[PDB]
Structure formats: structure tokens, C-alpha cells
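Visitor: Okay, here's the structure, questions in a sec.
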Amino acid sequence: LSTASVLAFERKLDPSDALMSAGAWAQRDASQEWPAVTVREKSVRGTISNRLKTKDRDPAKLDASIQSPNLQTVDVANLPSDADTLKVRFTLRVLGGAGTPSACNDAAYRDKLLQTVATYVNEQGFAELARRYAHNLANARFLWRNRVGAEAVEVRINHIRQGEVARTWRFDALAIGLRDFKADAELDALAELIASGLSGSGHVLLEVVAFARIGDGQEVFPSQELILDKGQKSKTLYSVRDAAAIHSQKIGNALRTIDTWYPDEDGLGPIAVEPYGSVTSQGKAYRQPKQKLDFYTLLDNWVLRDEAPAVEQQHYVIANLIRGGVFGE
Amino acid sequence: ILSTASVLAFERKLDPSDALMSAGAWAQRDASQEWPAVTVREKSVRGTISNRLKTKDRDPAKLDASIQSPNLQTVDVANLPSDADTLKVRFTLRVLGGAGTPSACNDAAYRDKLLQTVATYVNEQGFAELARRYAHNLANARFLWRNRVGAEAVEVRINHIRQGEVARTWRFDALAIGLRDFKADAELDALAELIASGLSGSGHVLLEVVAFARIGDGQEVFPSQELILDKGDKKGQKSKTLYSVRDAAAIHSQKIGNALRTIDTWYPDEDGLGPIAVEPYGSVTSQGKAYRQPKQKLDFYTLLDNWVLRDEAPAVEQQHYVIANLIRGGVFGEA
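Sequence lines, in order, name chains G and F. Throughout the first sequence, residue numbering follows PDB author numbering, covering 6 to 236, 241 to 338 in sequence. Counting in PDB author numbering, the second sequence runs from 5 upward without gaps.
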């Protein structure tokens, strides 16, 4: 029994592109004809603020660089000057059947993996992972920079069973912190819904609408595209039919920020679950493969050598299975 | 040991909005919610050569030929209406806090050393000097860049807006508070206390700033200018574009943010010229000159490397300057 050459998992927890719109606070219950936040252009003039390479540190060359500055065109998105509340809306889809790979080579390997994740579900349910996912939906972690320094954030989550709303949740996203995981009756009811979606015992579709009270005319932060060349424009923002938007993978990276079991520390907070679970903002790999706590060595110990790791690392490897990916040689 | 990080980035504090312009009459300043916006129009401009000639006195017939074929352009222009004499410029500004925390860092030891360094900075003295200078730059209407030059009366109204309604109101005469020196006043120090409470993370600060400048009937106001690159040659008629949020003349938010952080009075050249905007190698484009050159040991990068890596704490003025540059934010790294 060895690991297969190919192994692929399609993702559960499918989000949509989060669209932005704007309005006034206390009109948020009538926030259906709220106008879309548009992306405009403006001109910026740069200054010299980089570190110099000790050869451009001569005063004449520095002053000559101050003489001729660069001019750029930059995409920008703001709230309207009469609106103070940003509305960000997306849909999440929880499917279930997380253990079954969409591609596999060895039949013994996939059957061993299936009974491994089957015993994982039988030992305990999805309640820990779905509780942490309901926490990351409760606080507005999917408002990445739009949440930083907000006055009041409020999340409305709607379970949509048929073509209408089956159930509603109303969260104060600043009360639910970003650091720890609490216990709440409405949050655990939402967690039970997400767990029943994850266990294959139901098809879960949610509509998540977050309202951030930022201020009149303040800048919002949609997702940012990629520029390969210029000749002019130096920053592009993501947009879906003339409305500022956040990428679906940005929302998905904010959803699975649940990993509190990395070997480095625990006072930093949760990170996103990844193989060699890493953050690009810090440029450093937590869960290095030299330590015995990355995803691949844990999976090869649990499935091949039958070494069941600790139950929080079991939560980590099953969260990586829910994330999906391309595993193999 | 303990080298600086290869990538390091700080998001800005003191976020301003775009400053929108409207026009009205003085002493209607308290009813200035239905004031109409200042619009941007186009006009034709015929001019002749008033620049220096490249070949000075060696071609007079070329000069006469260039005067017989003058420059025709189309220029964006923004005036007050002929029955209103007061420009009203409105924006919002939020003070956040968490000034030392970088939004990106490579070395964990470097960011822990930086965090404890700025923690000792806050512990020795507050943000009170920096917030006093920021409240001064809000008190005088320095964000009216050329709209304040030669104004008869400038008046600034600052609303601290806690919930959806106003929590406190300040009212300043911006011509009394000079552009030169930093004084003391009870209302100004109360505003400085609010800005410092926002800067420390002990509160959420959102302010609405409205300036009224008494310029004159029909006089010209000055919004921000857009980029007109590679359109001045083929036809070349449109030669000046003014920035506008939808059908309203506006100032860029980075121009307001440059006027807010004009606080640096500690640069080694002199101080008789006045405060400049805080910047690494603190430089003015209109003078074409960098104060705080890196050959002197008073720019931002050498001061930060001495304060963080080698624990050489500079003077309290240079510490004010380094923390002001951390409040400003930027991309600081090996480029």
C-alpha cells in the first residue's frame, strides 16, 4: 500500500464572487436596490521613497530624481459621498462527501482513504470544523481591509432551501472576535447547518451579506488584478459588470482561516489551512516538513502506516481535504 | 544578527476621502447642505511663446513666425458662480490606530523588535505631539492648497461623528492659526486628544471636515489635475484636465493626505522655512530638493535601522519623525 501517483479533490465550500454596493446605515433592511460601487480612475504622482542602493545615494542624483516624478493612472473605489455603509454580498455552497477524491490511481489507496475518513466521521462529527467555519462567517473575515477600522460590522446569513429564505442569522461581527472561538446558540445552530451540509445529509446554500459602517466617501478595497506591462495604468481592480468585486478565492481563503494548531505558536491566531500551512503576508511556512506536522507526512502516516495523529491534527488534515487540491507525484 | 526585513509594508493611518467642492454665499455656511457643486467646464485658450528660447537671440524671424501661428488649446476650468463668493470643500477623515504593526514582514524577529520599539515609544510619550501637529494642519485649512492663497476669510468646521449623528463640533478661524508655527489652544488640544485616542487604538475616530473660503464672486478655484499624457501632440487641443467625482470638482485624497502630514519641523537644513511633509529623504517637489539626505544621518531609513537594529534611540524629535513616517505608511524594503 503506497500513495497513488494522481489524487485530486474538488473543493467543498464553494463561494461566489462577492459584489459590492453602497448605502446608508439603518436602510440596510431595504438594501436590495442599493447602487453598485463603481471603479474609477485617478492620477497619482509618485515620490522617491524606496531604499537607495548606495550608488544612487549621491545628493545630486537624488535631487534630480526629485525633479522629475513618475505619473500613474490608478484604479480606485470609494463609497458615494452621501453613503456610509458598504454592502458585500456572496453565496456559499456546502456540498458534503469530502473524503471521496475526484481522481485516484490505486484502488487500495482510495478505499483505505475512504475508510480512514469514514472512521474520522464516526469518531466525531464535523462540528469542530463547521463551528470554526460558522465563526469565520460570523465575524467578517471576508472583508479583508474593509473591516479594518470599521465602526460597526453586521452580517446577515440566509439559509436558502427552496427558492426563498429558509432561515436567517444576524451577527454583530465585531463582537465575535478574530482571535478566539466562542460558543453561541445561533452560531452553533448555523454550525449544525454547515455540518449537516458537510456530512452529505443535506444540500446547503447560504447567502452572506455583510454591512460595514466605514464613513461617507471613504475608500473601499475590492480585489486587485494583475498587470504584466504598461506604456500609464499601474493598478487594476476586479469588477463584474461595472460593480467592484472581491475574488471568490479571496473569500475562500478568508473562510478556511481556522488552523490554530500549527507548531510555532498559538497567540498569533488562526491561519488558513494549506499543505505546509503558510502565509504570504509573512513569507514564512508554518508546518514545515522538517517538523512532523505538515499535511503530506500526516496523511501518509494516517493512511499508509495507520498512525492516527492527534485529534486537532486530524481536524487539520480533514480541513485540507475539504479545501481540495492536487496531491501526488 | 537581526538584519532588516526584505519585504516590509505599512498601511496608512489617517485615511482621507476625496474633497468635494461646492459654492455658496458667506453667512449661509450653516445651511450649506444644499449648496450646488462646482462644475468643470471647457474653454479655448490662445497663447504665444512666453517661455525661454533654446536659441536665444539667433532667430528673430522664427520668433515672428511662431507668433503668427499661436498655440490653440482647450483647457478645463473651474470657477465659482457669479452670484456666490464662498467655496466649500468637504471631506471625511478616519483615524484608526495600530501604527507600528506592519501589513507584511519577512523576519519575525525584526517585527517583534519593531513592535516593542514602537511600544516603548508610546510608553515614553503618547501620540500627543503628532496628534497636536495633525490637529493644527486640520485647524488651518492647509488642504485648501491654492484656494486658501489670498482668501478673505477661511473657516473650518470639524464634526466628530460617533454614531450616525455628530458627537462634537469644533469651529476654527484658519487664518488665525498660522501655517508657520504650532501654538496651544483648549479646543485644539481637545481635538488633538481625540486624534491621539484614535491613533493609540483606544477609540474609533471619524471626522467630517468642511472648509469655507471667501474668495470672491465668479473667481477661479483649483481642483486636482488629471493626467493628459500622449494627447498633446496629434491634435493637442485638450491640454488640461481637472479631477472630478461625478459632476463635481474635487481634490485628490492623496493631496489632502499630503497637506495633513506637513508636520516635519526637524529637518537638518533649517527651520525658518517651515514644516514639510514627512517622507523618507523628506523632499519637496516644488523646490526640487531633498532635505534629510542619506549622506547626513537624518533620513528615515538610517534612523529606523539605528533605532531598531542597533538600539540607538535618536532624539525625541527624530523619534516623532520616524513614527510619523510609520503613520504615513509605505513600501519599505530592499529595492
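Beta carbons are placed, not taken as given, at the ideal position from N, Cα and C, and that holds for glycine.
1) At 3 residues or longer, what runs of the beta strand (DSSP E) sit wholly inside the segment 64-111 of chain G?
2) On the DSSP letters alone, give me the boundaries of the beta strand (DSSP E) that G/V213 sits inside.
3) Would you list, in chain order, the members of the segment 273-299 of chain G that have their beta-carbon closer than 8 Å to a beta-carbon of chain F?
4) Judging by CA-CA distance, which residue of F/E15, F/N75 and F/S36 is the nearest neighbour of F/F216?
5) Is the number of C-beta pairs between the segment 145-162 of chain F and the segment 313-333 of chain F that are closer than 8 Å three or more?
6) Tell me whether G/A294 sits in a helix, a strand or coil according to DSSP, three-state version.
7) Within its chain, find whatever has a CB closer than 7 Å to the CB of F/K58; leave out the 5 residues flanking it on each side and keep chain order.
8) Spatial neighbours of G/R296 within its chain, please: C-beta separation below 6 Å, excluding the five flanking residues on both sides.
9) In its own chain, which residues sit with a C-beta less than 7 Å from the C-beta of F/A135, not counting the 5 before and 5 after it?
10) Is there a Cβ from chain B that is less than 8 Å from the Cβ of F/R265?
11) Going by C-alpha to C-alpha distance, which of G/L6, G/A103, G/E159 and G/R62 sits closest to F/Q300?
12) So with CB distances below 9 Å, who are the chain G contacts of F/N110?
13) Measuring only between beta-carbons, confirm whether G/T124 sits less than 8 Å from chain F.
14) Got a sec: is the Cβ-Cβ distance from G/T52 to anything in chain F below 8 Å?
15) Please list the segments of the alpha helix (DSSP H) lying wholly inside the segment 137-217 of chain F, counting only runs of 4 or more residues, in order along the chain.
16) Is F/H256 close to chain G? Criterion is C-beta to C-beta, closer than 8 Å.
17) Against G/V49, what residues of chain F qualify as contacts under a CB-to-CB distance less than 7 Å, listed in chain order?
18) Going along chain F, which residues have a C-beta under 9 Å from G/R62?
19) For G/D315, go through chain F and note every residue whose CB falls closer than 9 Å to its CB, in chain order.
20) Going by DSSP, name the residue or residues bridged to G/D268.
21) What does G/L183 reach in chain F if we use C-beta pairs closer than 9 Å?
22) Give me the subset of the segment 64-93 of chain G whose CB atoms are less than 7 Å from a CB atom of chain F, sorted by chain position.
23) Please identify, using Cβ separations under 9 Å, the residues of the segment 205-232 of chain G that lie next to chain F, in order along the chain.
24) In its own chain, which residues sit with a C-beta less than 8 Å from the C-beta of G/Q322, not counting the 5 before and 5 after it?
25) Could you name the residues of the same chain whose beta carbon sits closer than 7 Å to that of F/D309, not counting the 5 residues immediately before and after it, in chain order?
26) Buried or exposed for F/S73, going by 16 or more other Cβ atoms inside 10 Å?
27) If F/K244 and F/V79 are in contact, beta carbons under 8 Å, what's the gap, nearest whole angstrom?
28) Check the C-beta distance from G/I162 over to G/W149 and give it rounded, since I have them as a contact under 8 Å.
29) Answer yes if the segment 83-91 of chain G comes into contact with the segment 205-222 of chain G, meaning at least three C-beta pairs across the two stretches below 8 Å, and no otherwise.
30) Under 8 Å between C-beta atoms, does G/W30 make it to chain F?
31) On the DSSP bridge assignment, give the partners of G/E46 in chain order.
32) Using the Cα positions of F/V158 and F/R152, report the straight-line distance between them to the nearest angstrom.
33) Mind checking which residues open and close the beta strand (DSSP E) that includes F/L12?
34) Can you pull the DSSP bridge partners for F/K242?
35) Of all the CB atoms in chain F, is at least one closer than 8 Å to the CB of residue 240 of chain G?
36) Can we say the segment 109-116 of chain F touches the segment 8-20 of chain F, given the rule of at least three CB pairs closer than 8 Å?
Guide: Put simply:
1) The qualifying runs are 76-82 and 90-99.
2) Residue mapping note: residue 213 of chain G aligns to position 208 of the first sequence, counting from 1. First-last of the beta strand (DSSP E) with G/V213: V209 to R218.
3) Contact annotation: in the segment 273-299 of chain G, residues whose CB is within less than 8 Å of a CB in chain F are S290, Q291, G292 and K293.
4) Taking the second sequence and counting its residues from 1, one reaches residue 216 of chain F at position 212. The option with the nearest alpha carbon to F/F216 is F/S36.
5) Contact between the segment 145-162 of chain F and the segment 313-333 of chain F is absent, because fewer than three Cβ pairs lie under 8 Å.
6) On the first sequence, position 285 is the one that residue 294 of chain G refers to. The answer is strand: DSSP assigns G/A294 an E or B state.
7) Taking the second sequence and counting its residues from 1, the one referred to as residue 58 of chain F is at position 54. Closer than 7 Å at Cβ, skipping near neighbours: no residue.
8) What you label residue 296 of chain G is simply residue 287 of the first sequence in a count that begins at 1. If we look at G/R296 and ignore the five residues flanking it on each side, its Cβ neighbours are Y271, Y285, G286, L302 and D303.
9) Within the second sequence, numbered from 1, the residue matching residue 135 of chain F stands at position 131. The answer, listed in chain order, is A196, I199, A200 and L203.
10) The structure shown contains no chain B; its protein chains are G and F.
11) Against the second sequence, residue 300 of chain F aligns to sequence position 296. For F/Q300, the closest of G/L6, G/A103, G/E159 and G/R62 by C-alpha to C-alpha distance is G/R62.
12) As a working mapping, residue 110 of chain F is identified with position 106 in the second sequence. Chain G residues near F/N110: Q291, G292 and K293.
13) For the purposes of this step, residue 124 of chain G is taken as residue 119 along the first sequence, with counting starting at 1. For G/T124, the answer is no, since every Cβ of chain F falls outside 8 Å of its Cβ.
14) Counted from its first residue, the first sequence places residue 52 of chain G at position 47. Yes, because at least one Cβ of chain F sits closer than 8 Å to the Cβ of G/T52.
15) Under the rule that a run must span 4 or more residues, the alpha helix (DSSP H) segments found entirely inside the segment 137-217 of chain F read 190-204.
16) Here residue 256 of chain F refers to the residue found at position 252 when the second sequence is read from its first residue. Taking Cβ atoms only, chain G reaches closer than 8 Å to F/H256, which makes this a yes.
17) For this step, residue 49 of chain G is matched to residue 44 along the first sequence. Residues of chain F passing the Cβ test: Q258.
18) For the purposes of this step, residue 62 of chain G is identified with residue 57 of the first sequence, where counting begins at 1. The contacting residues are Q297, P298 and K299.
19) For this step, residue 315 of chain G is matched to residue 306 along the first sequence. Under the 9 Å cutoff, chain F gives no residues; its nearest Cβ is about 36 Å from G/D315.
20) Mapped onto the first sequence, residue 268 of chain G falls at position 259. Bridge partners of G/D268: G/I280.
21) On the first sequence, position 178 is the one that residue 183 of chain G refers to. Result: empty, since nearest Cβ-Cβ is about 13 Å, beyond 9 Å.
22) Per Cβ criterion, the list reads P64, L67, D68, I71, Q72, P74, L76, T78, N83 and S86.
23) The segment 205-232 of chain G vs chain F, Cβ under 9 Å: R218, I219, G220, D221, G222, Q223 and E224.
24) Position 313 of the first sequence, counted from the start, is the residue given in the question as residue 322 of chain G. If we look at G/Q322 and ignore the five residues flanking it on each side, its Cβ neighbours are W270, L302 and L307.
25) In the second sequence, counting from the first residue as 1, residue 309 of chain F sits at position 305. Residues of the same chain with a CB within less than 7 Å of the CB of F/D309, apart from the 5 flanking positions on each side, are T8 in chain order.
26) Within the second sequence, the letter at position 69 stands for residue 73 of chain F. Exposed, by the Cβ-count rule.
27) To locate residue 244 of chain F, count along the second sequence from 1; it is residue 240. To locate residue 79 of chain F, count along the second sequence from 1; it is residue 75. F/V79 and F/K244 do touch by the CB rule: their CB atoms are close to 5 Å apart, below 8 Å.
28) Here residue 162 of chain G refers to the residue found at position 157 when the first sequence is read from its first residue. Here residue 149 of chain G refers to the residue found at position 144 when the first sequence is read from its first residue. Between G/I162 and G/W149 the beta-carbon gap is near 18 Å, outside 8 Å, which marks them as no contact.
29) Counting Cβ pairs under 8 Å, three or more are found: they touch.
30) Taking the first sequence and counting its residues from 1, the one referred to as residue 30 of chain G is at position 25. So yes, G/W30 belongs to the interface.
31) Taking the first residue of the first sequence as position 1, residue 46 of chain G is located at position 41. Under DSSP, G/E46 shares a beta bridge with G/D80.
32) Translated into the one-based positions of the second sequence, residue 158 of chain F becomes position 154. Translated into the one-based positions of the second sequence, residue 152 of chain F becomes position 148. Looking at the two C-alpha atoms, the distance is approximately 7 Å.
33) Numbered from its first residue, the second sequence carries residue 12 of chain F at position 8. Per DSSP, F/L12 belongs to the beta strand (DSSP E) from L12 to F14.
34) As a working note, residue 242 of chain F is residue 238 in the second sequence. Paired residue(s): F/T78.
35) Between 236 and 241, chain G has no modelled residues, which means residue 240 of chain G does not appear in the coordinates.
36) As far as the Cβ criterion goes, the segment 109-116 of chain F touches the segment 8-20 of chain F, which means the pair count is three or higher.
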